[PDB]
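So this first bit is one chain, no partners, the form deposited in one PDB entry, shown in structure tokens.
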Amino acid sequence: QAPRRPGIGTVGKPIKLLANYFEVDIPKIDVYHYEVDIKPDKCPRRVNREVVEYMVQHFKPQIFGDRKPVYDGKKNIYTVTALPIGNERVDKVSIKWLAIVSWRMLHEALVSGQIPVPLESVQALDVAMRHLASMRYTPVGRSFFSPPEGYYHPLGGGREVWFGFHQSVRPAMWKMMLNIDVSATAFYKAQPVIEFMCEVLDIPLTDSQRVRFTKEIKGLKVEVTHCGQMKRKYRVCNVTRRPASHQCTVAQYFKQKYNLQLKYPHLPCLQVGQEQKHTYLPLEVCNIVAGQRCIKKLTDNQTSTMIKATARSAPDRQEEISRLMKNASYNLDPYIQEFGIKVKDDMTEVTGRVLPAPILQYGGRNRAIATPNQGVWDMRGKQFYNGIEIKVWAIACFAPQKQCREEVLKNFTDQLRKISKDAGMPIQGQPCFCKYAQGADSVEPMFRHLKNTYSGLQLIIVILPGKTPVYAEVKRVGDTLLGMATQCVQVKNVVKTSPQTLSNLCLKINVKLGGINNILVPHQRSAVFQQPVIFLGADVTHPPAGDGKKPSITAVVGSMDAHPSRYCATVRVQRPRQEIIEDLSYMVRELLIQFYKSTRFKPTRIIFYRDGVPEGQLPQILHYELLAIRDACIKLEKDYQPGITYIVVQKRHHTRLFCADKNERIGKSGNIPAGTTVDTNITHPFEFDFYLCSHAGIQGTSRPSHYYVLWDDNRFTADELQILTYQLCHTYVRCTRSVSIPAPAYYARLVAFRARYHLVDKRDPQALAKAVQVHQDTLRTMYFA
């Protein structure tokens, strides 16, 4: 199915790099795979590990001997040579022979390259290299975290930050590799509940405070400690709104045991400890566990604090990785020594290439040309390719009168007019409207009156007072109801003025009205553009945890010209928690119809850029989608067959690239330059994929993006596709920079988030499907950017 690599690239200049991959050499033996069972299985994995260790320690001279098993945690167990018992379930813990796993076959599959490698051997090796670390550290997902010591990084609200690393095993071209990278994740700090209460309260108590505390305490489990360290974690799923202590005497027992009246007996208790049995627990003396990690909600201030707490330059990260690898001491592990596995202790040396950058053509009276330098360029002194003249416009202010007077408004208007006229899109005359309003319930009549009175309205500017709930209402009224263009800006950018802010505002305004900023030079491009071509992109977003009523949202966008500069979008709503776009056929058919209407031609090629998908589910994704696209193609006309290319882009991994030479570090943080391509020595042995870093990082260490071709039909080479992706990375309209992923996927993400904003509400499924749909006037324009 998946095509084989047709070769390696040549275009570019060489560069020396280092990656965080440490080799592993495995011997050619045969391991025996068993299965174990634990009854009941409601308990966590740690107690299962303890029970299995106790059993293997106390049953050595009966069924195990002197042999050291490698355990998994749930069902699997491995042993170096066969247990002389049989394949029959026997005890309530059972074990039976299951299969045979061979490493010689894996070695031959890696060396030959024409034979794909299996998965049982890889799983066996991965379990083999994780017993001691999981025995000592605290596993969370696929990473090991250790409680902090010698430092303290609060986040506010009873949350702490713990550090650790991430380990996994991946195949390579001639042998196997081990992947290490540092990480950090928020946890719940351990402390008595009184200061937790005063922290979450952030100050008779208003019922709003009780509701907030009930919402913030959701999902935890308190543990009774005074009963001789029972560690009886209590299943808390929902706290009743009205306390049930008033509807096993409570007050009598309390006043007889503590014999004290205290100060605030009116505080409510929490329904805990076998709610069905109704065995209540006090909260005067209580604590929390030190291993709890929940998603819940993350705010902007906490996010910024965590970014400040975890960000560090590239050389520091490299030194920390090397120090951690030296400290691990994998060559003294008894379990690794039993199987006979040797591991290196140095980073892998790869060789990459730096691709050339394109040149962008502007317009105007001079017809200037801009050449990017280190992935950035400026516009000062250049006109737009196609400017739009603005004749009618209005101003609506939602900020209070005291914070924005008339003179500051006139100054801001004058500055915007001057800069816009300089850039090539002239704003003519004085505004025809300027007033003040208040509240979220006044947007609709105001916009309706403005639409009714002035016939030729072109743009409306709205000023918001910080973070306010009226933004969603403004967007909903503008898009799905009346169909008028809008632009928003905050007061803090009006009181003070900077040229770059106004330049970016003009950049957005011009394309919202139907203009073009810049295009690639036609002769600099590839040879694929000699015939009609269409570019597509898709994305799907899932609702956050806890919520179950919110559905999923999909999005597909496509180009409508040969530059390409213009895009159109479609959006739908589907069943919660599904990884398939169920309506791909209709979306693609509609996009093809619109392309034909705009261009007067029918495309002969299709390029698809699917956004992030899980790495373990791609075969059925491809199998369903490819058939869906072909089905959409066949319905439009008989015997119509365009070549299809399928590409998936991934940005969630743990691979980092550093510089071998000191002089070649660029910038403050010393990151790799923009445009480095790696496709050898760390990639799949016989498939078609590569790495690319097409943006210049500011702070921290950059993340290269992973591309993976699934189905190809146009007989492309490797360098052609790499150059095409790099060039498509340069056509983003919201800034004069280079972005991390191609334009169509980024636009699809923007469309999905805008639809999510549309769905807010401050017969049901048809109502949602109608709500997501937009008006006909703004349907075929670039409203999302």
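Start at 1 and count along the sequence shown; that's the residue number. Here the rigid core means the biggest group of C-alpha atoms that line up within 1.5 Å when the two forms are laid on top of each other.
- According to the entry, the deposited sequence places 10 or more unmodelled residues between residue 762 and residue 763.
- According to the record, no deposited residue between residue 414 and residue 415 is left without atomic coordinates.
Here the subject shifts to the form deposited in another entry, a form of this protein not shown in this document.
- Per-residue Cα shift between the shown form and the other one after core alignment stays below 2 Å for all of 374, 209, 594, 305 except 209.
- The two forms, fitted on the rigid core, differ between the shown form and the other one by 2 Å or more at the CA of residue 264.
- When two forms of a protein are overlaid on their rigid core, residues whose CA moves 2 Å or more are considered shifted, and residue 255 is one of them between the shown form and the other one.
- After superposition on the rigid core, the Cα of residue 430 moves by less than 2 Å between the shown form and the other one.
- In the other entry, the CA atoms of residue 292 and residue 151 draw together by 3 angstroms or more relative to this form.
- Relative to this form, in the other entry the C-alpha atoms of residue 275 and residue 292 separate from one another by 3 angstroms or more.
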